[PDB]
Student: 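Quick one: this structure, given as structure tokens, is what I'll be asking you about.
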Amino acid sequence: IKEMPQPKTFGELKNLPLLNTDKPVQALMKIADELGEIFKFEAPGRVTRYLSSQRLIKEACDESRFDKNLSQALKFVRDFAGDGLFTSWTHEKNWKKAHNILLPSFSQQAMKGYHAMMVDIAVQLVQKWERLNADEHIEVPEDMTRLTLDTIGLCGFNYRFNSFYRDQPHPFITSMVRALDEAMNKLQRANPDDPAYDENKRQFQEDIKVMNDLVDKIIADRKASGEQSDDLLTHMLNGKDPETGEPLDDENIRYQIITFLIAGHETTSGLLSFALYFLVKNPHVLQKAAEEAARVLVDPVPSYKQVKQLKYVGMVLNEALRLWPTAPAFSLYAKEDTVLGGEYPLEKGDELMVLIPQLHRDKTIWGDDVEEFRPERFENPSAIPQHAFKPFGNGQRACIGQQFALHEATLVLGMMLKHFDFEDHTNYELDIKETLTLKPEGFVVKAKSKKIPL
Ligand code: HEM
Ligand SMILES: O=C(COc1ccc(OC(F)(F)F)cc1)N[C@@H](Cc1ccccc1)C(=O)O
């Protein structure tokens, strides 16, 4: 039985002021590097424990001992994502009901139906880059966020955000990005009751009303039309939970749509941005991925079956998720009193945070080359220890979007590698911006067209 370390304190604010930064996840990663596999983190009225080792996280991933907790970030996002899948407790009726209804919508089989809509947006990205003049560059996270937002609009509810036609965001996205900024900024606030936050609170309520009004209108407009498009909204309007026999109500459907728009905007765009960063910084890896793209993608438009054959591209995406898991943490609570790692007693209700980027740097798992970009690490999943790699979370509360995200990212990265050579023309220094998620900021490249027609 060991006493766990704790980072520096600020009197009655305890560790809270360590989060007073634009990069709190990266600050927690530096704390983990200093203090090791487990540390205590206290704020007024709250204690959690940050886990960084596979040794402890493999125990935390035991669903008999630990269930998903809503971190403060997820409790603040719940003010607009409601009892959608991502911000519901496992024990709320709407979690299992929506999980049962939506699982068939997110299977590998469902991806065959979403593929044509994903190709529509991927072709828009390739045509944009084909049309750049010689003196121009690509704003990588900007263009990847245009793509992933448009994909989930089209597969989610047959709506075109038309992100490649504008710089000014859609009114829904203005409100969603500002609501996510308020939720994440509110985490650090020592004095949230201070009148100085009255305007923030007014604006947040306005942004919730904008998101609710626009998504409620999408649902009402679909029910009125009777249109049976092959999208998540049709699946939610028609689907019945096998257990309860009940469908989702229109309020829960709205929360699921808001949740899918958050995910599409924030996550897959980060993965694609980090993958392109690592490829331009590792030219031998880029060459190997480009060779696979050329060998497999033999038609003007990729098919579902061709994307399934981009195995090395899939290993590139896993190695990008290893070094920079764009959704960088998840939270657990102890279902009963238990001992972690034979050393750290926990009481029922005690909270843990899994720091995914640190888990992914555990040298006892990956070896001394842990900071190197080596997709070949993922050749054989049986050679990877249990719970070493958790970019989609754990167990029944793992990401429902995992198949969707990896299909879109594999398709797009394969088309990018087929159609262009890339230059790191600025010798870009990685700068990671934190929203709900991690993304490179200011990452720019030049593309040189291979002049292969679509
Ligand atoms: C690379 C892309 C993505 C990453 C890294 C990612 C990561 C994650 C992680 C780590 C969780 C678990 C969170 C927790 O335990 O608190 C999660 C849950 C979830 N993700 Fe994703 N995600 C991705 C893409 C998507 C997409 C595209 C969608 C939907 C369109 C989506 C929908 C969800 C939902 C609904 C949950 C909650 C599942 C449940 O508890 O029932 N994700 N995701
Ligand atoms: O450690 C984190 C990391 O923040 C994120 C949590 C989830 C998250 O969601 C996702 F990973 F899905 F993106 C993104 C960031 N958050 C903690 C920070 C905190 C605040 C107050 C007291 C103690 C601790 C939290 O939100 O509870």
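Along the sequence shown, residues carry numbers from 1. Read the numbers this way: they start at 1 and go in the same order the structure lists the ligands and their atoms.
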Student: What are the protein N/O/S atoms, named by residue and atom, that sit under 2.8 Å from atom 21 (Fe) of ligand 1?
Tutor: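 Less than 2.8 Å away from atom 21 (Fe) of ligand 1 sit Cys399 SG.
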Student: Would you mind checking which non-hydrogen protein atom is closest to atom 13 (F) of ligand 2, with the distance to 0.1 Å?
Tutor: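 Result for atom 13 (F) of ligand 2: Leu436 O, 3.2 Å.
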Student: Report the nearest protein non-hydrogen atom to atom 23 (C) of ligand 2: residue, atom name, distance rounded to 0.1 Å.
Tutor: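 Protein heavy atom with the smallest distance to atom 23 (C) of ligand 2: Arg46 NH1, 3.3 Å.
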Student: Should you measure from each heavy atom of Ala73, which atoms of ligand 2 turn up under 4.0 Å away?
Tutor: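 The atoms of ligand 2 under 4.0 Å from a heavy atom of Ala73 are 6 (C), 25 (C), 26 (O).
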Student: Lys390 versus ligand 1: do any nitrogen or oxygen atoms come within less than 3.5 Å of each other?
Tutor: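 In this structure, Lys390 places no N or O atom under 3.5 Å from an N or O of ligand 1.
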Student: For ligand 2, which atoms sit closer than 4.0 Å to a heavy atom of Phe86?
Tutor: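 Within the 4.0 Å cut-off of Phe86, ligand 2 contributes 12 (F).
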Student: Does NZ or CZ of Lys128 lie under 6.0 Å from the centre of the six-membered ring of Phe164, at an angle within 45° of the ring axis?
Tutor: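 Cation-pi check for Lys128 and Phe164: fails.
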Student: Which bit of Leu28 is near ligand 2, meaning a heavy atom under 4.0 Å away: side chain, backbone, both or neither?
Tutor: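 Side chain only.
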Student: Does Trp366 have its ring centroid less than 6.0 Å away from the ring centroid of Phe378?
Tutor: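 Under 6.0 Å, so yes.
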Student: Counting only nitrogen or oxygen atoms and a 3.5 angstrom limit, does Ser331 reach ligand 1?
Tutor: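 By distance alone, the answer is no.
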Student: Considering only non-hydrogen protein atoms, determine which one is nearest to atom 41 (O) of ligand 1 and report residue, atom name and distance to 0.1 Å.
Tutor: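 Closest protein heavy atom to atom 41 (O) of ligand 1: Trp95 NE1, 2.9 Å.
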Student: Which residue supplies the protein heavy atom nearest to atom 3 (C) of ligand 2, what is that atom called, and how far is it?
Tutor: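 Heavy-atom neighbour on the protein nearest atom 3 (C) of ligand 2: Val25 CG2, 4.0 Å.
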Student: Going by salt bridge (charged side-chain N to carboxylate O under 4.0 Å, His left out), name the residues that satisfy it together with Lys30, two or more places apart in sequence or in a different chain.
Tutor: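 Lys30 satisfies salt bridge (charged side-chain N to carboxylate O under 4.0 Å, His left out) with no residue once adjacent residues are dropped.
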Student: What protein heavy atom sits nearest atom 2 (C) of ligand 2, and how far away is it?
Tutor: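 Its nearest protein heavy-atom neighbour is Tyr50 OH, 3.6 Å.
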Student: Indicate, as side chain, backbone, both or neither, the part of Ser331 found under 4.0 angstrom from ligand 2 when only non-hydrogen atoms are considered.
Tutor: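 Neither; nothing of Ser331 gets under 4.0 Å from ligand 2.
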